[PDB]
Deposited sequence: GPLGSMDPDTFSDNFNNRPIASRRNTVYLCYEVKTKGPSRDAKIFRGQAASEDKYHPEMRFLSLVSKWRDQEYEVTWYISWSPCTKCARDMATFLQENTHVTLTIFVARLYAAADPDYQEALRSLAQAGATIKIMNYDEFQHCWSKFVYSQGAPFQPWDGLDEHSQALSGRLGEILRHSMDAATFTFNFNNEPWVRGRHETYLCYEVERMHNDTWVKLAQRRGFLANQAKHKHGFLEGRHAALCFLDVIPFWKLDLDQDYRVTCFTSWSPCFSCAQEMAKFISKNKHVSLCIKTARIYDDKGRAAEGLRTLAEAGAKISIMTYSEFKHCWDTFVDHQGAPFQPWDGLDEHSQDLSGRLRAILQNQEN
């Protein structure tokens, strides 16, 4: 096609909410700059560029929204991948330093690779006054009609477009709200032993430092995450095991890490956590699980090895469920209404855990 545009191939390669991740870390970006006016027949200035790194042409519009008389701008990004850790931080800084510009980003794929600095950068970019959404059918349809040299060819979506779009929107909302959905918590954090449809695994984590003679909660370190499964993926415990290194814990001070898990760790995750806590002796790791993942009879050895290495394994009760509801979900002031059979299943799983811990 002509210069400055992309073709159906590059579009269908960069803009896709499907399991095919990214062998090559490239990111395409389509920008629409418009003068913030009252009219609907305004001239929308459209451009697009891929990540060249050496020269950075994707930020060529930065000079296009400079302070000129009394003009405001409504920039719209149609970025392929999600912004980088540093790109989002610098964009938030620019938005703070330029009040005459508003920003609306439509992301197609979220950086599944998690990082507290990345999440903090996204939340700060959202705090600076920018809107962030996930591309749906209308966004891909509009981008295909203006930034692709389609020789009279209409847009043809993929099968699981909305199915992946809603899941990515849920993950986005979890990232930006800094809290999981209430229905998601009620669904995944159930208490019955045998359940169906709980494919994913969520995990909340809290950190407490030992100061004076008590456990002072490091409130800026509490968080939560989910599994990725999916490209393939790991489990929730393994995904949590490489977030601890980014915490930069002191080594001659002791800490307590509390992990509220929807599913109990499997055998591989149990052995990995056992090795981790055998290496890091300055962290006391306690696990409160809602359900006991049987793991086809291989989880008893994992739990016993974890307890041997040194952990306080226990089953979540009403108090832990209520604490997780009040601290981790977007309840918006609503109380924690427990489901039927809470204490019954809690004490049943407590007795079962007791039986498993005594080599039985």
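Original post:
Counting from 1 along the deposited sequence, what's missing?
Top reply: Counting from residue 1, the stretches without coordinates are 231 to 235, 366 to 367.
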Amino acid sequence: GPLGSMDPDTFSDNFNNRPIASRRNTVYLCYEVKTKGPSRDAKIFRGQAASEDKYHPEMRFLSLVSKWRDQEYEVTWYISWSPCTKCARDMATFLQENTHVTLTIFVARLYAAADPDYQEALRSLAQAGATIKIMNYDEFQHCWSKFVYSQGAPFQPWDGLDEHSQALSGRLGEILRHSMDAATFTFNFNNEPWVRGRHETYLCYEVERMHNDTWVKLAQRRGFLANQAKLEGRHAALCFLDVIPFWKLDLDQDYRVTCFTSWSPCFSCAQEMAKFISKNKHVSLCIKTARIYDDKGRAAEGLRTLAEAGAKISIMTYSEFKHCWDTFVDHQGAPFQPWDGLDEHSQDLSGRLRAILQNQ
From here on, numbers count along this sequence of modelled residues.
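**OP:** Look over 336 to 344 and 16 to 24 in the entry and identify the one with the greater average Cα temperature factor.
**Re:** Averaging CA B-factors over each stretch, the winner is 16 to 24.
Subject >> Of 315 to 323 and 56 to 64, the one with larger mean CA B-factor >> reply: Mean B over CA atoms: larger for 56 to 64.
Original post:
When you compare the CA B-factors of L203, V101, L251, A130 as listed in the entry, which one comes out on top?
Top reply: Of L203, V101, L251, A130, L251 has the highest C-alpha B-factor.
Original post:
Highest Cα B-factor in the PDB entry belongs to which of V148, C259, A108, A113?
Top reply: Highest C-alpha B-factor among the listed residues goes to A113.
**OP:** Among all modelled residues of this chain, ranked by Cα B factor, put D117 in the bottom, middle or top third, i.e. lowest, middle or highest.
**Re:** According to the entry, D117 has a C-alpha B-factor in the chain's highest third.
**OP:** Can you work out whether the C-alpha temperature factor of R123 puts it in the lowest, middle or highest third of the chain?
**Re:** Bottom third by C-alpha B-factor.
Original post:
Is the Cα B-factor recorded for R46 in the lowest, middle or highest third of its chain?
Top reply: Bottom third by C-alpha B-factor.
**OP:** Using the B-factors in the PDB entry, rank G170's C-alpha atom against the chain and give the third, lowest, middle or highest.
**Re:** It falls in the bottom third of the chain.
Original post:
With respect to C-alpha B-factor, does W215 fall in the lowest, middle or highest third of the chain as deposited?
Top reply: Its C-alpha B-factor belongs to the highest third of this chain's values.
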